[PDB]
Amino acid sequence: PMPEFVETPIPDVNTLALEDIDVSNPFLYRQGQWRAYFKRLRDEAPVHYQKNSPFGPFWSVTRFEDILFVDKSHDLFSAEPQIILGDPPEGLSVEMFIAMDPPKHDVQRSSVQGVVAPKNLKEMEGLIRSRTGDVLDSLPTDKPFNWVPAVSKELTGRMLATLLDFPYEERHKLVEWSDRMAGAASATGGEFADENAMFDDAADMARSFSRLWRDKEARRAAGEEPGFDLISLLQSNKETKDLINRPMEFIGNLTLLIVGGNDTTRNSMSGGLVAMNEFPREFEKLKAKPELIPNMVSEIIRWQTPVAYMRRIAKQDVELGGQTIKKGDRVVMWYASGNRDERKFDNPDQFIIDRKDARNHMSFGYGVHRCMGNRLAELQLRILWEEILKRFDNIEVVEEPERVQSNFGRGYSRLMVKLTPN
Ligand code: HEM
Ligand SMILES: CCCCCCCCCCCC(=O)O
């Protein structure tokens, strides 16, 4: 079985030989060493091969331009069979089109992408803004509180329930299933190492999603107006009316949607407060010019970079960065490094809400796999900060945030926040 990752002090990157830099360490982000580790890789070995890691050997691509090329070159780099650095526990690999190459990727993505179509997102705006306001007003203003479960996880869990028309009181299952899936120690160095519970969740997921398919189909056959959820959309198109006869296209598509939006949205909502705390002149600039929120949302997403990387496999030998990536080698596109590449962003470690090229960030990736839910993610963040400006004159992080163990997700498990209303 995959042993748990136990945290040990990560030394300064300059004490290491270039060949010994291992950025798969799932504690790099928590210990605040990722910036120095990736900067040295960008400057001295932008295409870096690590032959010794707990996940096996892999290439690290750390420069913005080189990540662009790898992400856009689905002719040279495959997203199959997995896009995380390591491997899922054997038997637990789920086929998701995020880890599929064209043309099969295009067919499956096209059958689900309507759930985040612009018209369908506008139909969700009122509920998103209603829930955001209902969560923010319920927050205490006389004492600090943990922002992660109070706001980030709360709003995220509701959004995921809306996307699937999942039972509202069972929405916590979607978060729990997604957390254990994305936090598998064998895949991302996360803290979930019990493979038995992963098989249990996969069984509960199949049963619960199947029962949801039946219930929606029965409700549809009874004349219930079709909603804006993925299930309603899938049962309204001829090509996916029988998707239940394809359990893997069914479970994989539904599993990808909830894992895709779970801790990404959660950590984007928390990360904006961390950036505001580290650069408070941007909060004054925001209150003076609230029209900057759309661009600030992009800058929040760039600065946080909730998904640290996507992994590829070289379909062939590929020359890149002066190195020869061999066919079959694993290649890791470090978005978290690309978004801090000063070759692309001036003062890249600085949170600048009116940054002219904030929209050019690679937190959503690029190419055929570029985040399908990116507009929904930006919509939730825009509404959250619109509703924050309506209510609060200042937001203070009163404690050192606690960061999640993972090399894949960059997020916070604890964010103590003190609110000051206006
Ligand atoms: C700020 C929040 C988010 C970030 C940073 C993010 C990040 C990413 C990244 C890096 C990829 C892979 C890009 C690539 O390989 O080139 C991706 C793909 C994807 N994301 Fe997100 N995501 C976010 C929110 C969401 C949400 C809210 C949803 C759905 C509700 C979602 C659904 C998906 C799906 C379905 C894919 C697969 C698309 C494909 O492979 O064609 N994401 N996302
Ligand atoms: C965003 C990608 C989802 C994370 C995939 C990691 C491993 C695939 C899931 C296999 C089942 C499991 O880990 O419990």
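Position 1 is the first residue of the sequence; numbering continues from there.
- Residues that satisfy the salt bridge (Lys or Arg N to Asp or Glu O under 4.0 Å) test with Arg302, not counting sequence neighbours, are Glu299.
- Side-chain contact, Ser363 with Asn339: a donor N or O sits under 3.5 Å from an acceptor N or O.
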* Asked: Does the salt bridge (charged side-chain N to carboxylate O under 4.0 Å, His left out) test come out yes or no for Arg180 and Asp194, once each step is laid out?
  -> CA-CA 9 Å; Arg180 172 166 296 103; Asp194 177 15; over 6 Å; no
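- Between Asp263 and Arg266 there is no salt bridge, since none of the side-chain N atoms of the basic residue sits less than 4.0 Å from a carboxylate O of the acidic one.
- Here the side chains of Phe77 and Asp71 are not in contact, with every heavy-atom distance at 4.5 Å or above.
- Counting only distance, with no hydrogens or angles, the side chain of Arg410 and the backbone of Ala308 share no donor-acceptor pair below 3.5 Å.
- Salt bridge annotation for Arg129-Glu125: present, with a cationic side-chain nitrogen under 4.0 angstrom from a carboxylate oxygen.
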* Before giving the answer on ring pair (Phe, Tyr, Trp, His ring centres under 6.0 Å), spell out for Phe5 and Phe55 the whole-Å C-alpha distance, their side-chain angles and the decisive distance to 0.1 Å. => CA-CA 12 Å; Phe5 284 81; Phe55 309 92; 5.5 Å; yes
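- Judged by the 6.0 Å and 45° rule, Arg30 forms no cation-pi pair with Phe27.
- Although no hydrogens or angles enter the test, the distance criterion places no donor-acceptor pair under 3.5 Å between the side chain of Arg63 and the main chain of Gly338.
- The existence of a salt bridge linking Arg42 and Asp66 is excluded, since no basic side-chain nitrogen approaches an acidic carboxylate oxygen closer than 4.0 Å.
- With rounding to the nearest 0.5 angstrom, the CE atom of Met310 is 12.5 Å from the CD1 atom of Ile67.
- At a cut-off of 3.5 Å, with distance as the only test, a side-chain donor of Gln82 or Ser93 sits close to an acceptor on the other residue.
- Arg382 has no carboxylate O lying under 4.0 Å from a charged side-chain N of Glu378, or vice versa, which leaves the two without a salt bridge.
- For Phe408 and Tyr309, the ring centers sit closer than 6.0 Å to each other.
- The pair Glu217-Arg220 does not meet the salt-bridge criterion, since no charged nitrogen lies less than 4.0 angstrom from a carboxylate oxygen.
- Under 4.0 Å is where a charged nitrogen must lie from a carboxylate oxygen, and between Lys39 and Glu342 no such pair does.
- What you find for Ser232 and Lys216 is that their closest heavy atoms are OG-NZ, 2.7 Å.
- A salt bridge is absent between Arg355 and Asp346; no separation between the charged side-chain nitrogens and carboxylate oxygens falls under 4.0 Å.
- Judged by distance alone, the side chain of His369 and the main-chain N or O of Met100 form a donor-acceptor pair under 3.5 Å.
- We find that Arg158 and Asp134 are not joined by a salt bridge, their nearest charged nitrogen and carboxylate oxygen being 4.0 Å or further apart.
- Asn146 places a side-chain N or O within 3.5 Å of a backbone atom of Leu415 that can act as its donor or acceptor partner.
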* **Chi angles and distances behind the side chain to side chain contact (heavy atoms under 4.5 Å, CB included) call for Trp147, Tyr412** => CA-CA 10 Å; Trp147 178 275; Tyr412 313 88; over 6 Å; no
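- Rounded to the nearest 0.5 angstrom, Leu243 CG and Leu254 CG are separated by 8.0 Å.
- Counting heavy atoms from C-beta on, the side chains of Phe69 and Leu76 come closer than 4.5 Å.
- Of the possible polar contacts, none joining the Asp393 side chain to the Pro421 backbone as a donor-acceptor pair under 3.5 Å is found.
- Under a 4.0 Å N-O distance rule, the pair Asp137/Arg391 qualifies as a salt bridge.
- For the pair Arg403 and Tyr29, the distance from NZ or CZ to the six-membered ring centre is under 6.0 Å and the angle to the ring normal is within 45 degrees.
- With hydrogens and angles left out, the side-chain atoms of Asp354 and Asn295 include no donor and acceptor closer than 3.5 Å.
- The main-chain N or O of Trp59 is never found under 3.5 Å from a side-chain atom of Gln50 such that the two would form a donor-acceptor pair.
- The pair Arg171-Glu154 counts as a salt bridge, with a side-chain nitrogen and a carboxylate oxygen less than 4.0 angstrom apart.
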* Asked: Would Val148 and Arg414 satisfy side chain to side chain contact (heavy atoms under 4.5 Å, CB included), going step by step from the backbone distance to the final call?
  -> CA-CA 6 Å; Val148 178; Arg414 190 182 175 85; 5.5 Å; no
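- Here the shortest heavy-atom pairing between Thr156 and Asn262 reads CG2-O, 3.0 Å.
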Give every donor-acceptor pair under 3.5 Å between a side-chain atom in residues 370-377 and any protein atom, sequence neighbours left out.
from, atom 1, to, atom 2, distance (Å)
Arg370, NE, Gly365, O, 3.3
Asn374, ND2, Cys371, O, 2.6

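- The closest side-chain donor-acceptor pair between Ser78 and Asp101 falls under 3.5 angstrom.
- A donor-acceptor contact shorter than 3.5 Å links the side chain of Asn237 to the backbone of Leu233.
- For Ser53, there are no side-chain hydrogen bond (donor to acceptor under 3.5 Å, both in side chains) partners at least two apart in sequence or on another chain.
- Atom OG1 of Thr264 is separated from atom CD1 of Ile301 by 9.0 Å, given to the nearest 0.5 angstrom.
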* To do: Using the side chain to side chain contact (heavy atoms under 4.5 Å, CB included) rule, take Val417 and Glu399 through it: C-alpha gap first, then chi angles, then the decisive distance, then the call.
  => CA-CA 8 Å; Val417 165; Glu399 197 175 281; over 6 Å; no
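- Between the side chain of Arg340 and the backbone N or O of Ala336 there is no donor-acceptor pair closer than 3.5 Å.
- Side-chain N/O atoms of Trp334 and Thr62 include no donor and acceptor closer than 3.5 Å.
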* To do: Assess whether side chain to side chain contact (heavy atoms under 4.5 Å, CB included) is satisfied between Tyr335 and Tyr366, documenting all intermediate values.
  => CA-CA 10 Å; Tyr335 302 134; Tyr366 283 102; over 6 Å; no
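- Atom CZ of residue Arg246 and atom CD of residue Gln108 lie 9.0 Å apart, to the nearest 0.5 angstrom.
- Between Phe283 and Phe392 the shortest heavy-atom distance is CZ-O, 4.4 Å.
- If you take CG on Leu212 and CD on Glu170, they are separated by 9.5 Å, rounding to the nearest 0.5 Å.
- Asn407 places no side-chain N or O within 3.5 Å of a backbone atom of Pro26 that could act as its donor or acceptor partner.
- Between the side chain of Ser178 and the backbone N or O of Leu174, at least one donor-acceptor pair lies under 3.5 Å.
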* Show your working on salt bridge (charged side-chain N to carboxylate O under 4.0 Å, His left out) between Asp341 and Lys344 and close with a plain yes or no. => CA-CA 6 Å; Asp341 193 355; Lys344 171 64 184 178; over 6 Å; no
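- Minimum heavy-atom separation, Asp349 to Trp303: O-NE1, 3.2 Å.
- Taking the six-membered ring for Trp, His361 and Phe364 have ring centres closer than 6.0 Å.
- At least one side-chain heavy atom of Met96 sits less than 4.5 Å from a side-chain heavy atom of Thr255.
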